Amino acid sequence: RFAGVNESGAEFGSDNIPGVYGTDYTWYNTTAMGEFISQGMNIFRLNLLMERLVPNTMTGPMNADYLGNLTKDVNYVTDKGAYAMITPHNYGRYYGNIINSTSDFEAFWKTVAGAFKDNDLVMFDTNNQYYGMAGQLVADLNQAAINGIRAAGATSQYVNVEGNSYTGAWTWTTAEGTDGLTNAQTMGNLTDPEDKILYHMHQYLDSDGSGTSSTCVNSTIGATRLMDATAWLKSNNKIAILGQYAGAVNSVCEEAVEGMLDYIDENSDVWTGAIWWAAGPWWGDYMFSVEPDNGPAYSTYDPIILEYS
């Protein structure tokens, strides 16, 4: 169903706010995403920095310039009939502080969603990879985001909710927040007036699930790492999307990736698709880059992504 790529770059140099366009961060290569769309890819997760989109205070107005760049890339993707997911890539933090005010987060999402409220090909993603946080707070922030999105009149779009502990699928039931609570203990009770919640988890295939190593543990490690989360989703009648995953260019990773995507296809009653990490124009020889012109992983995994589209 959903099959596509992350676009990463507009959130780079996150320590430099607002940062310098062309030095700290950049926006995306529409010629490259046009190739992906022409191939049949139908979703692009557009990563961005909260402090650049809504500077100084998360309840404030949106920066016209950075919003203007976001909107051009969103409209490029959606004018060509693909989904654009808007992802504040902030780990649950704003100017480095854990986001502790559900009211402020509701307001931030009301503001952002208001700019895209009539575009049904837009998807909202409450925040990338909350971590190191009270589990209850992460659930409460996801709920606040849903509230603000629908309060803006953005009623057609899926809302991607992300768990604590880097929203890892393999640790959904085991990783503990600051309050001792797991994602399984906190994220089930989310409600949406439009019933369009996607449980958005990430899954890497290396030893510690971080994706920093090119070595995938073994040929089945992806599917096996989704099994516990898939039971939680099936049992609690939720649906999900694999919003980041990757393997490097070697035979074990390629088999593990194939096997993961087959597992999601076999469990399509709960898994709606998968989004590769990552494309974007500033990755160079990054082992996971599928950017067409120079991504080391493009020629191996671009066909695999399309095979599950």
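Quick note: we count residues from 1 along the sequence shown, nothing fancier.
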According to the deposited model, is the average Cα temperature factor higher in 228-236 or in 145-153?
-> 228-236
47-55 versus 262-270: which one carries the higher mean Cα B factor per the record?
-> 262-270
Could you tell me which one of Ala113, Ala139, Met133, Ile86 shows the highest CA temperature factor in the PDB record?
-> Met133
When the modelled residues of the chain are sorted by Cα temperature factor, does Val161 land in the lowest, middle or highest third?
-> lowest
With respect to C-alpha B-factor, does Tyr76 fall in the lowest, middle or highest third of the chain as deposited?
-> highest
With respect to C-alpha B-factor, does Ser289 fall in the lowest, middle or highest third of the chain as deposited?
-> lowest
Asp302: CA B-factor among chain residues, third -> middle
Ranked against its chain, the third holding the CA B-factor of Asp192 | middle
